[PDB]
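Novice: Following this message is one structure expressed as structure tokens.
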Amino acid sequence: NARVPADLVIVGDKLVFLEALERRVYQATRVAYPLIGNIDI
Amino acid sequence: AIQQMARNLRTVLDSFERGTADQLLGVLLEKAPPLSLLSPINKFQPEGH
């Protein structure tokens, strides 16, 4: 195992990660970030 | 006369140190785009093209 700087939050009774990877990945590239999907109404 | 020289040249030498910050403020104000344009340009546009 290795020590890694990463935030951990508590939701309900479960300890989960909370990652928002937009600077480590998808920064200064030519690809669009997912989770910005569209809807049709 | 020598004392008037000393006082006058004292203020003159202080004037350059006082005006360097003025020139920096002017050249930074001529170089700064507005925030109301720059923030959604760098946020709502991910990469470019």
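Chain labels A, B, ... are given in the sequence in which chains occur in the structure tokens; within each chain residues are numbered consecutively from 1, and ligands are likewise numbered from 1 in the order shown.
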Among chain B, which residues carry a DSSP assignment of alpha helix (DSSP H), reported as a PyMOL selection string?
Specialist: chain B and resi 2-29+35-44
Novice: Could those residues be written to a file, using N, CA, C and O atoms, as a short mmCIF file (atom, residue, chain, number, x, y, z; two decimals), in the first residue's frame?
Specialist:
```
data_model
loop_
_atom_site.label_atom_id
_atom_site.label_comp_id
_atom_site.auth_asym_id
_atom_site.auth_seq_id
_atom_site.Cartn_x
_atom_site.Cartn_y
_atom_site.Cartn_z
N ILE B 2 22.45 75.22 -0.78
CA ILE B 2 22.82 73.80 -0.74
C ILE B 2 21.72 72.98 -0.07
O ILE B 2 21.43 71.85 -0.50
N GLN B 3 21.08 73.53 0.96
CA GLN B 3 19.98 72.82 1.61
C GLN B 3 18.78 72.69 0.68
O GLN B 3 18.10 71.65 0.68
N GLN B 4 18.51 73.72 -0.12
CA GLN B 4 17.43 73.63 -1.09
C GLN B 4 17.74 72.60 -2.17
O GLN B 4 16.85 71.86 -2.61
N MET B 5 19.01 72.52 -2.60
CA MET B 5 19.45 71.44 -3.48
C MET B 5 19.21 70.07 -2.88
O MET B 5 18.72 69.17 -3.57
N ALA B 6 19.58 69.89 -1.61
CA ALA B 6 19.44 68.59 -0.96
C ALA B 6 17.98 68.17 -0.87
O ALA B 6 17.64 67.03 -1.20
N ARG B 7 17.10 69.10 -0.48
CA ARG B 7 15.68 68.78 -0.37
C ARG B 7 15.06 68.49 -1.74
O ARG B 7 14.30 67.52 -1.90
N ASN B 8 15.40 69.31 -2.75
CA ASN B 8 14.82 69.15 -4.08
C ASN B 8 15.27 67.84 -4.72
O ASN B 8 14.45 67.09 -5.27
N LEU B 9 16.56 67.53 -4.63
CA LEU B 9 17.06 66.29 -5.21
C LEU B 9 16.63 65.07 -4.40
O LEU B 9 16.50 63.98 -4.96
N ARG B 10 16.39 65.25 -3.10
CA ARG B 10 15.79 64.20 -2.27
C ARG B 10 14.42 63.79 -2.81
O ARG B 10 14.16 62.60 -3.03
N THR B 11 13.55 64.78 -3.05
CA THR B 11 12.24 64.47 -3.61
C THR B 11 12.33 63.93 -5.03
O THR B 11 11.54 63.06 -5.41
N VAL B 12 13.30 64.41 -5.81
CA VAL B 12 13.46 63.93 -7.19
C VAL B 12 13.87 62.46 -7.20
O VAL B 12 13.32 61.66 -7.97
N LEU B 13 14.81 62.07 -6.34
CA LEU B 13 15.22 60.67 -6.28
C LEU B 13 14.12 59.79 -5.71
O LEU B 13 14.00 58.62 -6.08
N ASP B 14 13.29 60.34 -4.81
CA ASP B 14 12.16 59.56 -4.30
C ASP B 14 11.08 59.39 -5.37
O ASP B 14 10.31 58.41 -5.32
N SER B 15 11.02 60.31 -6.34
CA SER B 15 9.95 60.30 -7.33
C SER B 15 9.98 59.07 -8.23
O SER B 15 8.93 58.57 -8.64
N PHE B 16 11.18 58.56 -8.55
CA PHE B 16 11.26 57.36 -9.40
C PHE B 16 10.74 56.13 -8.68
O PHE B 16 10.03 55.30 -9.27
N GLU B 17 11.08 55.98 -7.39
CA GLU B 17 10.55 54.89 -6.59
C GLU B 17 9.04 55.03 -6.41
O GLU B 17 8.32 54.03 -6.32
N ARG B 18 8.55 56.26 -6.34
CA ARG B 18 7.12 56.47 -6.19
C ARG B 18 6.38 56.21 -7.50
O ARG B 18 5.20 55.83 -7.47
N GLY B 19 7.04 56.40 -8.64
CA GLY B 19 6.39 56.24 -9.93
C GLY B 19 6.55 54.90 -10.60
O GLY B 19 5.84 54.62 -11.58
N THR B 20 7.48 54.06 -10.12
CA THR B 20 7.59 52.70 -10.65
C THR B 20 6.31 51.90 -10.40
O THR B 20 5.83 51.18 -11.29
N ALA B 21 5.74 52.03 -9.20
CA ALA B 21 4.48 51.36 -8.90
C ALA B 21 3.33 51.93 -9.72
O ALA B 21 2.40 51.20 -10.09
N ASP B 22 3.39 53.23 -10.03
CA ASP B 22 2.39 53.84 -10.90
C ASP B 22 2.45 53.25 -12.31
O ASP B 22 1.41 52.96 -12.92
N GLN B 23 3.67 53.07 -12.83
CA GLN B 23 3.82 52.48 -14.15
C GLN B 23 3.36 51.02 -14.16
O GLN B 23 2.75 50.57 -15.14
N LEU B 24 3.65 50.28 -13.09
CA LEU B 24 3.17 48.90 -13.00
C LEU B 24 1.66 48.82 -12.94
O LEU B 24 1.06 47.95 -13.58
N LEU B 25 1.01 49.72 -12.19
CA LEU B 25 -0.45 49.74 -12.15
C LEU B 25 -1.03 50.08 -13.52
O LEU B 25 -2.03 49.47 -13.93
N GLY B 26 -0.42 51.03 -14.23
CA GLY B 26 -0.92 51.38 -15.55
C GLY B 26 -0.78 50.24 -16.55
O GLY B 26 -1.71 49.95 -17.31
N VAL B 27 0.36 49.56 -16.53
CA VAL B 27 0.59 48.50 -17.51
C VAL B 27 -0.18 47.24 -17.14
O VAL B 27 -0.50 46.41 -18.00
N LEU B 28 -0.52 47.07 -15.86
CA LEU B 28 -1.36 45.94 -15.48
C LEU B 28 -2.83 46.22 -15.78
O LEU B 28 -3.59 45.30 -16.10
N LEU B 29 -3.24 47.49 -15.68
CA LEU B 29 -4.61 47.84 -16.05
C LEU B 29 -4.81 47.78 -17.56
O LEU B 29 -5.92 47.52 -18.03
N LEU B 35 -13.36 40.35 -15.71
CA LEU B 35 -13.66 39.07 -15.09
C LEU B 35 -14.95 38.48 -15.62
O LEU B 35 -15.05 37.26 -15.82
N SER B 36 -15.95 39.33 -15.87
CA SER B 36 -17.25 38.87 -16.35
C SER B 36 -17.17 38.24 -17.73
O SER B 36 -18.05 37.45 -18.09
N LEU B 37 -16.15 38.56 -18.52
CA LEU B 37 -15.89 37.83 -19.74
C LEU B 37 -14.99 36.62 -19.50
O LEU B 37 -15.27 35.54 -20.01
N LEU B 38 -13.94 36.79 -18.70
CA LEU B 38 -12.89 35.78 -18.61
C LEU B 38 -13.36 34.53 -17.88
O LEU B 38 -12.94 33.42 -18.22
N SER B 39 -14.22 34.68 -16.87
CA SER B 39 -14.65 33.51 -16.09
C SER B 39 -15.50 32.52 -16.88
O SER B 39 -15.15 31.32 -16.87
N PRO B 40 -16.59 32.89 -17.58
CA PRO B 40 -17.30 31.86 -18.36
C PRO B 40 -16.58 31.46 -19.63
O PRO B 40 -16.89 30.39 -20.17
N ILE B 41 -15.64 32.27 -20.13
CA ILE B 41 -14.80 31.83 -21.24
C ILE B 41 -13.92 30.66 -20.81
O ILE B 41 -13.83 29.65 -21.51
N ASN B 42 -13.31 30.76 -19.64
CA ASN B 42 -12.46 29.70 -19.12
C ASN B 42 -13.23 28.61 -18.39
O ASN B 42 -12.62 27.62 -17.97
N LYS B 43 -14.54 28.76 -18.22
CA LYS B 43 -15.33 27.72 -17.57
C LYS B 43 -16.23 26.96 -18.53
O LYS B 43 -16.17 25.73 -18.58
N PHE B 44 -17.07 27.66 -19.30
CA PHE B 44 -18.03 27.01 -20.17
C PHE B 44 -17.41 26.50 -21.46
O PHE B 44 -18.03 25.69 -22.15
#
```
Novice: Give me, as an NGL selection string, the contact residues of chain A against chain B at a cut-off of 9 Å, counting only C-alpha atoms.
Specialist: :A and (26-33)
Novice: Keeping only N, CA, C and O atoms, take the residues you just selected and write them out as a PDB file, in the first residue's frame.
Specialist:
```
ATOM      1  N   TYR A  26      -8.181  15.165 -18.494  1.00  0.00           N
ATOM      2  CA  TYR A  26      -9.003  16.019 -19.355  1.00  0.00           C
ATOM      3  C   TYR A  26      -8.603  17.488 -19.332  1.00  0.00           C
ATOM      4  O   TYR A  26      -9.397  18.335 -19.753  1.00  0.00           O
ATOM      5  N   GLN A  27      -7.408  17.826 -18.864  1.00  0.00           N
ATOM      6  CA  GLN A  27      -6.945  19.206 -18.854  1.00  0.00           C
ATOM      7  C   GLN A  27      -5.897  19.395 -19.939  1.00  0.00           C
ATOM      8  O   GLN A  27      -4.952  18.603 -20.031  1.00  0.00           O
ATOM      9  N   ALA A  28      -6.081  20.442 -20.753  1.00  0.00           N
ATOM     10  CA  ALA A  28      -5.203  20.794 -21.876  1.00  0.00           C
ATOM     11  C   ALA A  28      -5.078  19.652 -22.881  1.00  0.00           C
ATOM     12  O   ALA A  28      -4.004  19.390 -23.422  1.00  0.00           O
ATOM     13  N   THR A  29      -6.187  18.970 -23.129  1.00  0.00           N
ATOM     14  CA  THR A  29      -6.295  17.968 -24.178  1.00  0.00           C
ATOM     15  C   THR A  29      -7.390  18.405 -25.147  1.00  0.00           C
ATOM     16  O   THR A  29      -7.902  19.522 -25.070  1.00  0.00           O
ATOM     17  N   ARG A  30      -7.744  17.520 -26.075  1.00  0.00           N
ATOM     18  CA  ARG A  30      -8.738  17.839 -27.091  1.00  0.00           C
ATOM     19  C   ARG A  30     -10.019  17.032 -26.928  1.00  0.00           C
ATOM     20  O   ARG A  30     -10.826  16.966 -27.860  1.00  0.00           O
ATOM     21  N   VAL A  31     -10.229  16.422 -25.767  1.00  0.00           N
ATOM     22  CA  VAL A  31     -11.394  15.580 -25.537  1.00  0.00           C
ATOM     23  C   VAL A  31     -12.321  16.287 -24.555  1.00  0.00           C
ATOM     24  O   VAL A  31     -11.893  17.111 -23.740  1.00  0.00           O
ATOM     25  N   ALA A  32     -13.614  16.005 -24.682  1.00  0.00           N
ATOM     26  CA  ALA A  32     -14.606  16.585 -23.796  1.00  0.00           C
ATOM     27  C   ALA A  32     -14.772  15.721 -22.556  1.00  0.00           C
ATOM     28  O   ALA A  32     -14.716  14.491 -22.626  1.00  0.00           O
ATOM     29  N   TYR A  33     -14.963  16.375 -21.426  1.00  0.00           N
ATOM     30  CA  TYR A  33     -15.181  15.668 -20.174  1.00  0.00           C
ATOM     31  C   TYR A  33     -16.558  15.017 -20.190  1.00  0.00           C
ATOM     32  O   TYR A  33     -17.536  15.668 -20.569  1.00  0.00           O
TER      33      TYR A  33
END
```
Novice: In Å, rounded to a single decimal, give me how far atom CA of residue 21 of chain A is from atom CA of residue 2 of chain A.
Specialist: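 Calculated distance between atom CA of residue 2 of chain A and atom CA of residue 21 of chain A is 19.8 Å.
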Novice: If you run DSSP on this backbone, which residues of chain A come out as strand (DSSP E or B), and could you give them as a JSON list (two decimals) with N, CA and C atoms, in the first residue's frame?
Specialist:
```json
[["chain", "number", "residue", "atom", "x", "y", "z"],
["A", 8, "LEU", "N", -11.84, 11.94, 1.46],
["A", 8, "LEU", "CA", -12.81, 10.90, 1.76],
["A", 8, "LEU", "C", -13.95, 11.53, 2.56],
["A", 9, "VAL", "N", -15.18, 11.30, 2.12],
["A", 9, "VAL", "CA", -16.35, 11.84, 2.80],
["A", 9, "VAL", "C", -17.17, 10.69, 3.36],
["A", 10, "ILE", "N", -18.10, 11.03, 4.25],
["A", 10, "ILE", "CA", -18.99, 10.06, 4.88],
["A", 10, "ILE", "C", -20.41, 10.39, 4.47],
["A", 11, "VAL", "N", -21.07, 9.45, 3.80],
["A", 11, "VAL", "CA", -22.45, 9.59, 3.38],
["A", 11, "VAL", "C", -23.25, 8.43, 3.95],
["A", 14, "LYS", "N", -21.66, 4.96, 5.07],
["A", 14, "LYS", "CA", -20.63, 4.43, 4.19],
["A", 14, "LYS", "C", -19.57, 5.49, 3.93],
["A", 15, "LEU", "N", -18.31, 5.07, 3.94],
["A", 15, "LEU", "CA", -17.18, 5.94, 3.67],
["A", 15, "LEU", "C", -16.79, 5.80, 2.21],
["A", 16, "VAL", "N", -17.00, 6.85, 1.42],
["A", 16, "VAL", "CA", -16.77, 6.80, -0.02],
["A", 16, "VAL", "C", -15.73, 7.84, -0.42],
["A", 17, "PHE", "N", -15.16, 7.63, -1.60],
["A", 17, "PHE", "CA", -14.31, 8.63, -2.23],
["A", 17, "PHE", "C", -15.16, 9.70, -2.89]]
```
